[PDB]
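Down below is the structure, laid out as structure tokens.
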Amino acid sequence: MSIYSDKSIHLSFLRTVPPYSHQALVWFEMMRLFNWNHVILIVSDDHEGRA
Amino acid sequence: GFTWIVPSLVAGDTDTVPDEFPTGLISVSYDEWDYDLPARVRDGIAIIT
Amino acid sequence: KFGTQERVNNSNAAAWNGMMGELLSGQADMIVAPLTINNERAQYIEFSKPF
Amino acid sequence: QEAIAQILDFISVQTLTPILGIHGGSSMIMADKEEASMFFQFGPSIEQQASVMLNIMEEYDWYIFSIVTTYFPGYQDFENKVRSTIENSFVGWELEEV
Amino acid sequence: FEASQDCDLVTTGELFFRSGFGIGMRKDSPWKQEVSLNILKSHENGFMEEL
Amino acid sequence: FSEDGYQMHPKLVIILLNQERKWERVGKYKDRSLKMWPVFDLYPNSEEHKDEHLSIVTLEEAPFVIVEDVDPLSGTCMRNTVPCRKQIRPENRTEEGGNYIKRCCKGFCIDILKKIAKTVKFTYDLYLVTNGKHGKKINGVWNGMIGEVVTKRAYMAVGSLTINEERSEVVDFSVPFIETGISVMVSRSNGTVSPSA
């Protein structure tokens, strides 16, 4: 869950693996592969999407 | 000639102030009158009603 | 309208006024009119050399 | 103590009964309330405070300013709220550094 | 005055850098103030003007 | 409240650190408006004279000193106009409650003061005269801005004010900034013909 990433609300929280938000790095990494800078993003409206 | 301005958090309690803070430090804080059970509750109850 | 930003009608607003905003929305892909080239607009769109 | 209000937010989540507070920790600024949770505290919003800082600066007409911040919570938005508040106005005040 | 004197020569344009004429004296002259009053009177009575 | 759950319009106070350990509220915030109180005379490091207090009084005359009414909606003087206040007291009314006026003075005279003030670097308060207009000696007593200069209610008086021996006698005057004086304004009716070609 992404909502734990804000240190402000949960300041003691650490996790073994990266959130869904950090998954975009892969998507970003994915972008390297297609050699396309233009894409479209569809997100739900929540703390996780905006993050 | 340089001046500093602060949000609520740094001021904290009115009574305690390390003088490490420079003088002329400008900051915002909640009203003394407001900070009384008297009205915060009076108000809160009014809100409830 | 040709297009001017409006600062404070309710929330702060963009240079979406008249014809220019339409372009910002992506509805219009090109403006072909007697559109004056100026600093204000050049900050957001691309002007050709003056006709 | 700041933490007591957060516990109470959890309680709101737990029992769905309205709770509010008039002083002290319950009053302190807290994480944006989860929509499901119901809760009232007498704490000024970060954005509001930033606005007051701007009004104060405007009153003394101190146009030129910088922001020193830390990684402490709400720092990124503080910049965002200021950007909007500073940006909207016609005046040419200057942000020097963040 | 010279422009009047010859008329072979002419003055042109608009007077720039306007200035008042006042006696020059060493500082602290206890009379300059009186002088100022006196020349003031010269203007007041039309003497300065008459001359 | 607001979506975060904090009160939408909580009461708040502007506070400063007074000398030593004291927290003194410089001002208070009510609703939309920001209340600023100059609790400390000097925001400077302990100097008191600062810019010498220079309450200045003037009067409206066109073009030089122009009074304009500020936008009601667009609160407070806009851009160039500098505030000038005279307690708006009905002189005839006995009570004569005087609330300083909110009309903004602007023009050549104001602009000159603004330019000179920066070099001078002295801060000043500007208001409008009520009694006597341009200084006048009636019977044994003076009137106008000169009165406030004599009463020490004004240090310096600015305006379209002309110069004369009496006033130079009572108060020191600056050097003149514009060529002026008494003059005539008339209609020119016709031109003369002489057959001299």
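Chains as they are written, first to last, in the entry's author numbering: chain A, 125 to 175; chain B, 248 to 296; chain C, 481 to 531; chain D, 100 to 197; chain E, 736 to 786; chain F, 346 to 542. For every residue, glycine included, the Cβ atom is placed at its ideal position computed from N, Cα and C.
*Give, in chain order, every unbroken run of the alpha helix (DSSP H) that is at least 4 residues long and sits entirely within the stretch 414-460 of chain F.*
Unbroken alpha helix (DSSP H) runs of no fewer than 4 residues, entirely contained in the stretch 414-460 of chain F, are not found.
*My guess is that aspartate 349/F and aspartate 176/D are in contact by the Cβ rule of under 8 Å, so how many angstroms apart are they, rounded?*
Not really, about 11 Å apart at Cβ, beyond 8 Å.
*Does the distance from the CB of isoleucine 118/D to the CB of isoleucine 110/D come in under 8 Å?*
yes
*Please classify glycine 120/D: does DSSP put it in a helix, a strand, or coil?*
strand
*Looking at the unbroken beta strand (DSSP E) that takes in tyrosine 472/F, where does it start and where does it end?*
From DSSP, the beta strand (DSSP E) with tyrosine 472/F extends over 470-473.
*Under 8 Å between beta-carbons, which chain D residues line up against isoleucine 359/F? List them in chain order, please.*
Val151 and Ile155
*What's the call for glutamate 146/D, buried or exposed, on a 16-neighbour Cβ count within 10 Å?*
buried
*Check the Cβ of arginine 753/E against every Cβ in chain F and list those closer than 7 Å, keeping chain order.*
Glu524
*By the 10 Å Cβ neighbour count, where 16 or more other Cβ atoms means buried, how is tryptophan 487/F classified, buried or exposed?*
Buried is the call here.
*Write down the C-beta distance between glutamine 148/D and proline 254/B rounded to the nearest angstrom, noting that I regard them as a contact closer than 8 Å.*
4 Å
_For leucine 515/C and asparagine 497/C, I'd like the C-alpha separation in whole angstroms._
14 Å
*Taking 8 Å as the CB-CB limit, is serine 513/F close to chain E?*
yes
_Quick check on DSSP: helix, strand or coil for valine 488/C?_
strand
*Start and end of the alpha helix (DSSP H) containing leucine 272/B?*
Neither: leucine 272/B is in no alpha helix (DSSP H) and is coded neither H nor E.
*Pull out every residue of the stretch 137-149 of chain D whose Cβ sits closer than 7 Å to any Cβ of chain F, in chain order.*
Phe138, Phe139, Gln140, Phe141, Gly142, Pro143 and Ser144
*Where does the unbroken alpha helix (DSSP H) through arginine 370/F begin, and where does it stop?*
No alpha helix (DSSP H) contains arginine 370/F, which is instead part of the beta strand (DSSP E) from 368-375.
*Please state whether DSSP places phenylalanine 139/D in a helix, a strand or coil.*
strand
*In its own chain, which residues sit with a C-beta less than 6 Å from the C-beta of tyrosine 174/D, not counting the 5 before and 5 after it?*
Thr168
*For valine 529/F, which residues in chain E fall below 8 Å Cβ to Cβ?*
Simply none; closest approach about 15 Å.
*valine 427/F beta carbon less than 8 Å from that of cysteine 454/F*: no
*Under 8 Å between beta-carbons, which chain A residues line up against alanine 135/D? List them in chain order, please.*
Residues of chain A passing the Cβ test: none, with the nearest at roughly 12 Å.
_Burial state of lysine 180/D (16 or more Cβ within 10 Å)_ = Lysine 180/D is classed as buried because its beta carbon has at least 16 other beta carbons within 10 Å across all chains shown.
*Between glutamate 737/E and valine 465/F, what straight-line distance do the alpha-carbon atoms span, to the nearest angstrom?*
41 Å
*asked:* Using the Cβ count rule (16 or more neighbours within 10 Å means buried), how would you classify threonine 403/F?
replied: The residue in question, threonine 403/F, is buried, as its Cβ has 16 or more Cβ neighbours within 10 Å.
_Under DSSP, the beta strand (DSSP E) around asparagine 179/D begins and ends at which residues?_
Here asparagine 179/D belongs to no beta strand (DSSP E); instead the alpha helix (DSSP H) covers 174-187.
*asked:* Assuming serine 400/F is part of the beta strand (DSSP E), what are its boundary residues?
replied: 400-403
*asked:* For the beta strand (DSSP E) containing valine 151/D, name the first residue and the last one.
replied: That residue, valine 151/D, is in no beta strand (DSSP E); its alpha helix (DSSP H) goes 145-158.
*asked:* Quick check: does the Cβ of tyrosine 282/B come within less than 7 Å of any heavy atom belonging to the ligand SAM?
replied: As for the ligand SAM, it is missing from this structure, which has no ligand bound.
_Which same chain residues end up closer than 7 Å to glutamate 397/F when comparing Cβ atoms and leaving out the 5 residues on each side of it in sequence?_
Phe467
*Using Cβ-Cβ distances below 8 Å, what residues of the stretch 497-510 of chain C are close to chain D?*
none
*Who are the neighbours of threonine 261/B on chain F, taking C-beta pairs under 9 Å?*
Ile360 and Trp368
*Output, in sequence order along the chain, the residues in the stretch 749-782 of chain E whose CB is closer than 8 Å to any CB in chain F.*
Per Cβ criterion, the list reads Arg753, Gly755, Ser771, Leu772, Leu775, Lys776 and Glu779.
*Taking only beta-carbon atoms, is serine 183/D less than 8 Å away from chain C?*
yes
*Taking Cβ-Cβ distances shorter than 8 Å, what residues in chain D pair up with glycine 248/B?*
Per Cβ cutoff of 8 Å: no residues; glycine 248/B is ~11 Å from chain D at best.
*asked:* For a contact defined as C-beta to C-beta under 8 Å, what are the partners of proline 521/F on chain E?
replied: Those are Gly755, listed as they occur along chain E.
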